[PDB]
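> Pasting a structure below so you can have a look.
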Amino acid sequence: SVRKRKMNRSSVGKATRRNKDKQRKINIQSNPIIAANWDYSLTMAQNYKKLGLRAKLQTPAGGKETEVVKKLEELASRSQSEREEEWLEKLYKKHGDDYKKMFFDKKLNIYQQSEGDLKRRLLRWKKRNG
Amino acid sequence: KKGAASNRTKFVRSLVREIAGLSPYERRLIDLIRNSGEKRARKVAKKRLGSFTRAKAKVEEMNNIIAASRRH
Amino acid sequence: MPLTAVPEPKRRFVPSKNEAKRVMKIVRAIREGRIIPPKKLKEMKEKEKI
Amino acid sequence: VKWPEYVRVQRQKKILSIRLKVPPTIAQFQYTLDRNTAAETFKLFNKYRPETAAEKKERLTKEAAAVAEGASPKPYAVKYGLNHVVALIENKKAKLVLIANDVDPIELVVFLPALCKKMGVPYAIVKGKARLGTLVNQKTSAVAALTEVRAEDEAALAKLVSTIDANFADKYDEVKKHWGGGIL
Amino acid sequence: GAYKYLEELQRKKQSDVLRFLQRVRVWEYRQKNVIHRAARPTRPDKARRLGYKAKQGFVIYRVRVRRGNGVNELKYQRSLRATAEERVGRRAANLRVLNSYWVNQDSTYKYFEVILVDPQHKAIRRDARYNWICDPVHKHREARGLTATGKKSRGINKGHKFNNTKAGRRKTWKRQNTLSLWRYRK
RNA sequence: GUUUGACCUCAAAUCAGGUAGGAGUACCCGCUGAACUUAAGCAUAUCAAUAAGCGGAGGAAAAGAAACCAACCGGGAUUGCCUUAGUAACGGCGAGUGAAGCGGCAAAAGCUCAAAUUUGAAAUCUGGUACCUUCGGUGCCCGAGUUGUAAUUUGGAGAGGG
RNA sequence: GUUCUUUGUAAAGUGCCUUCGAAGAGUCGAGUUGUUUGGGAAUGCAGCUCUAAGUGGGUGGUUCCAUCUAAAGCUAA
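In order, the protein sequences belong to chains v, i, m, G and N.
Residue numbering for the first sequence is 3 to 66, 155 to 167, 175 to 227, as defined by the entry's author numbering.
Be aware that the second sequence starts at 29, since it is given in the entry's author numbering, and climbs by one per residue.
Be aware that the third sequence starts at 254, since it is given in the entry's author numbering, and climbs by one per residue.
Residue numbering for the fourth sequence is 50 to 119, 125 to 238, as defined by the entry's author numbering.
Residue numbering for the fifth sequence is 2 to 70, 88 to 204, as defined by the entry's author numbering.
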C-alpha cells in the first residue's frame, strides 16, 4: 500500500490493540444473581437451561428451581403539600361532608372541582391526620 | 369512514369558492350552461380537465353556483 | 350556530393552572433564597446608592 | 436623479398598487374606518392592554412574596392572534374584530372580513398593523378582538358596534361589488 | 383555526384573487436577485405543514430556476425543484435544506421557497424535535436527493411499481448483478 | 403637523458569536454518460442504466413503519441470506435480458410534525450580562416571536367533562 | 448499595358514562416528447400543455369486492 508502507517504516509506532479474546467472553452485567451463577465454560443457551430460564420463545431452527427460587424470593418481597393540606382544612372546617355545597362554594373551591375529587383528597387528608 | 362529512371543511371550501371568484375557464363554463347547456359545457370541461369523472363533478359544482346565485 | 359543537373545557372557567405552576415555582425560588422578594428589593436600594 | 434599487422597487410597487384593476375581496381593504371612529375604537381598546412581560413578572413575584408567607375574577384583555381570532369568530365569542389593512402577504387576511359578515361578527378594517401592534405589546398584530368586557365599558362597546355598523358596513355595501384601482 | 382557510385558498390558483396575487409577485420576484432570502413565508400554511416553525434558526430562501430542456429535447432528467434546492444549498452552506414548495410560475421561470434550518443555532440544538438535523448524516440532504422531491425523482416508495428503485436503483442493480458463490457450491 | 413617531423592506460595520470550502474515497447516496465488443452486413438491441467525468455523506450509507402484498382458513416497516428461479415477463420473440409475492432463516423497534383557541393571561426560545456545584444552572436585561414559539392532539384515533 | 433532594390543588394510566371530532395541490390525474424497466398490464422518472375531488382518493381482484391513506419528517440491528 501507500500509507501502510510509511506507517510500517516510521518511528511513530502502531496503535496496537489486542481485543480478540474479549470478543468471545463478555461478562454478564445486568443481574448479580445471574452474574454469580453463570458457567463461562458453557455457552449462552447452555447457561439458560442450567438456570432453567427460557432463552428463545420461538422454537429454534436446528437440534437442541436452583436459582429461579432466589429470583421469586426477591420479587414476592404519595403525600400532600402544605398549601393543599391547608386548603382541605378550610373546606372541612366550613362545610364538613356536604359535597354539593362544598363544590358550589366560590370562596374555597376556587377551582370548580367535582365531588369525587373532594372526597378522595379529604380522605387522604384524614388518613394522614386523625 | 371514507370521507367523513366534516361540517367545517364543507363550509371552508364553499367559503373560499365564493370569495376567490372563478377561474377564466369556469367563468366561460357558467356562461356556457345558461346559453348552450350542460352538453357542450361537459365537452369543454373534459378537454380542459383530465378525465370524464372530473367533468361530472365540475359542471355540477358550477350548476350549484348558478342554483344559489340566481334563486337563494 | 357556531361551526363545531366542541365541548368547552373546565380551564376556560376555572383559575389557570399554568399561572399556579409559575407561582409555585417562584415560591420555591424564595424558600431557596435565589429570588429576593419585591418587598426587600426596596430595602436593598434604600441602603445603597446614597 | 438616481435612486437605489430597493427605493425604486417600493415606489414602483406603490404606483402598481394604484394603477392595476384589483379583485373586490382586496380593495375591500383601504375602504377603511375614518379618523374619529378609529380614535374612538382605540379609546376603548387601550383600556385592555394585555399585561406586558414586565408587569406580569412583577405581579407573579408579588403573588409568591405574599402568598408563600402570609378570589380574583378572570381579567379581560384584547385577543390578538390570527389562529385565535378566527377561532373566536365561529365560537362565536367575538363582539368587535379589528383587521389591519396592510399585511405582508395580503392573502393572509382576505377571507376574514367576509367570514365576519357570514358569522354576524361586527368587524372593522382599521388602518395600520403597527397601530394595532401598539395596543398589544407586539410590533405588529394583523388582528385584534374584544371577546368579553367590564360592564363600565360594555355600553360603550355596544355603541362602538352600532357606530361601526353604520359608519363602516353601511357606507361600504358597494365594496363587495366594484373592482378597485381604475385610477387614470 | 386559520390555516384550513389558507390551505383551501391556495388550492385555487387560477381563481381571481390568487390570480392577481400571483400576477404582482411574479413580476416583483423578477426585479430581485435569482437566489435571495425571504423575510417570512408567503404561504405560511404550506410552510408549516412542511415543517416551518417561525422561530430563531429557521430561514426561508426564495429561488428561481429556468424551465425546460431532438437537440431541444436532449432531456436532462433531473427536476427543476432539485436544481433549486441544490443552489440554495451552496449559497447557504451552513444551513440544512429541510423542504421546499412551489410559490409562483411563469413561461421562463418556476419559483420555489426553500425552508432551511440552522443546525448550529442553540434553539435548534436543544428541543428534541429538530436536533436530528445536527447529526452529520444530514450534511447536504438536497445534494443526495433525501428531500421530498429528491425521494420522488429517485422513485423511492413501496410496491411492485418501484421494484427497480426501492432500495435505490444503483444498489439493487449491483446486488442483482452479483455472482454469489458459497463455500459449498449451491 | 411644512413636525414628531410607529412599522415594512433593503443595506452596512476588521461589530458579538458562529459556520461552509480542501484531503481521503473500498464500500455508500446522487448527477452525468460513452465506446471497443456481441449479435449476418446492421438506424433498434447488446456491452450498460457499465467505464471515464462531476457533486455529497458515515461508520456504515441508503432504505424503513404501507396511498404494501395478496385473493388466503389471509399475511404485515425496511434490509440481508437460502428459496422462488433462469420461473413470470421483455426481446429482428435473434444475440440475449430477466424480477417479485409466498415459505425458511439472520436481525428486529418504534415513532414525530402540519391541519380543530393557552386565550383565566407566549405557558416558548436565542443572545448579552453577574454569580454558581460549568458538555450546564440561576438572576437581571436586549430581543425573536401572535404572518404563531410552548403544552395537548397524529387514526392503533383523539379531545373536553363526570 | 448508601445517601441528599422530592410538591403542586403537579404529571400521567386503566375501564365505563356523557359531548364533540380537521387528515400534506402546479399535487393526483390527463395528454404529450424524451429516457428507463422483466413490466406486453404501457415499469419508473424527467420536461412541456392542460389540471382535480372529499360518504374522498389510490392500488389490486372473477355485479361488485378487498386492501391501503399519498402529495410532510426521524429511527438501531
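Each residue gets a CB set at the ideal place from its N, CA and C atoms; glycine is no exception.
(1) When the Cα atoms are used, what is the spatial distance from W28 of chain N to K70 of chain G?
(2) So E131 of chain N is in the beta strand (DSSP E); what residue range does that whole segment cover?
(3) What are the residues in the region 31-58 of chain i lying within 9 Å of chain N by C-beta distance?
(4) May I ask you to list the residues that DSSP assigns as paired with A87 of chain G?
(5) Beta carbons nearer than 8 Å to chain m: which residues of the region 137-149 of chain G have them?
(6) Can you list the residues of chain m that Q209 of chain v reaches, using a CB-CB cut of under 8 Å?
(7) If you check the beta carbons only, do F78 of chain G and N137 of chain G fall under 8 Å apart?
(8) Between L82 of chain G and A178 of chain G, which are expected to be in contact by the criterion C-beta below 8 Å, what is the C-beta distance as a whole number of angstroms?
(9) With 8 Å as the threshold, decide whether the Cβ of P290 of chain m is near any Cβ in chain G.
(10) So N95 of chain G and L189 of chain G are in contact, right, with Cβ under 8 Å, and what is the actual spacing, rounded?
(11) Cutting at 6 Å between CB atoms, please list the residues of its own chain near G173 of chain N, excluding the five before and the five after it.
(12) So, at 6 Å on beta carbons, what are the nonlocal neighbours of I151 of chain N in its own chain, with the 5 sequence-adjacent residues on each side left out?
(13) Would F165 of chain G pass as an interface residue toward chain N - the criterion being a Cβ-Cβ separation below 8 Å?
(14) Work out the CA separation of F266 of chain m and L109 of chain G for me, nearest whole Å.
(15) Indicate whether the contact test is met: 3 or more Cβ pairs, each with one atom in the region 58-66 of chain N and one in the region 99-111 of chain N, closer than 8 Å.
(16) Spatial neighbours of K33 of chain N within its chain, please: C-beta separation below 8 Å, excluding the five flanking residues on both sides.
(17) Chain i partners of residue 121 of chain G, CB-CB under 7 Å?
(18) Could you tell me which chain i residues have their CB closer than 7 Å to the CB of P72 of chain G, listed as they occur along the chain?
(19) Per the contact definition of three or more C-beta pairs closer than 8 Å, is the region 57-73 of chain G in contact with the region 15-25 of chain N?
(20) For a test of the three-state rule: what should DSSP assign to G58 of chain N, helix, strand or coil?
(21) Using only the alpha-carbon positions, how far apart do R218 of chain v and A273 of chain m sit?
(22) In three-state DSSP terms, what is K133 of chain G?
(23) Can you give me the Cβ contacts of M297 of chain m inside the same chain, cut-off strictly under 8 Å, excluding the 5 residues immediately before and after it?
(24) Between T156 of chain v and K51 of chain v, what straight-line distance do the alpha-carbon atoms span, to the nearest angstrom?
With the structure as the only source:
(1) Indexing the fifth sequence from 1 puts residue 28 of chain N at position 27. Indexing the fourth sequence from 1 puts residue 70 of chain G at position 21. Approximately 16 Å, taken between the alpha carbons.
(2) Along the fifth sequence, read from residue 1 onward, the residue named residue 131 of chain N stands at position 113. Start and end: 127-135.
(3) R36, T37, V40, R41, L43, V44, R45, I47, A48, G49, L50, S51, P52, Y53, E54, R55
(4) Along the fourth sequence, read from residue 1 onward, the residue named residue 87 of chain G stands at position 38. DSSP lists no partner for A87 of chain G.
(5) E144, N145, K146
(6) If you number the first sequence from 1, residue 209 of chain v lands on position 112. Ordered by position in chain m, the residues that pass the 8 Å Cβ test against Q209 of chain v are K263, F266, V267.
(7) Here residue 78 of chain G refers to the residue found at position 29 when the fourth sequence is read from its first residue. Here residue 137 of chain G refers to the residue found at position 83 when the fourth sequence is read from its first residue. Against a cut-off of 8 Å, the Cβ pair of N137 of chain G and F78 of chain G comes out as no contact.
(8) As a first step, residue 82 of chain G is located in the fourth sequence; it is residue number 33 there, counting from the start. As a first step, residue 178 of chain G is located in the fourth sequence; it is residue number 124 there, counting from the start. With a Cβ gap of about 5 Å, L82 of chain G and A178 of chain G count as contacting.
(9) Numbered from its first residue, the third sequence carries residue 290 of chain m at position 37. Answer yes: the Cβ-Cβ gap between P290 of chain m and chain G drops below 8 Å somewhere.
(10) Mapped onto the fourth sequence, residue 95 of chain G falls at position 46. Mapped onto the fourth sequence, residue 189 of chain G falls at position 135. Sure, about 6 Å apart at Cβ, within 8 Å.
(11) Walking along the fifth sequence from the start, residue 173 of chain N turns up at place 155. Cβ within range, chain order: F180, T183.
(12) Here residue 151 of chain N refers to the residue found at position 133 of the fifth sequence. Within the same chain, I151 of chain N has close Cβ partners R114, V135, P137.
(13) For the purposes of this step, residue 165 of chain G is taken as the residue at position 111 of the fourth sequence. It does; some Cβ of chain N falls within 8 Å.
(14) Against the fourth sequence, residue 109 of chain G aligns to sequence position 60. Against the third sequence, residue 266 of chain m aligns to sequence position 13. Looking at the two C-alpha atoms, the distance is approximately 20 Å.
(15) yes
(16) Taking the first residue of the fifth sequence as 1, we reach residue 33 of chain N at position 32. Excluding residues within five positions, the ones whose Cβ falls inside 8 Å are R63.
(17) Along chain G, the last residue before the gap is 119 and the first after it is 125, so residue 121 of chain G carries no coordinates.
(18) Reading the fourth sequence from its first residue, position 23 is the one you call residue 72 of chain G. The answer, in chain order, is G49.
(19) yes
(20) Looking up residue 58 of chain N in the fifth sequence gives position 57. Coil at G58 of chain N, not helix or strand.
(21) By 1-based counting over the first sequence, the position of residue 218 of chain v is 121. By 1-based counting over the third sequence, the position of residue 273 of chain m is 20. When rounded, the distance between both Cα atoms is 19 Å.
(22) Working through the fourth sequence from its first residue, we reach residue 133 of chain G at position 79. Strand, per DSSP.
(23) Within the third sequence, the letter at position 44 stands for residue 297 of chain m. Closer than 8 Å at Cβ, skipping near neighbours: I289.
(24) Position 66 of the first sequence, counted from the start, is the residue given in the question as residue 156 of chain v. Position 49 of the first sequence, counted from the start, is the residue given in the question as residue 51 of chain v. Going from the Cα of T156 of chain v to the Cα of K51 of chain v covers about 11 Å.
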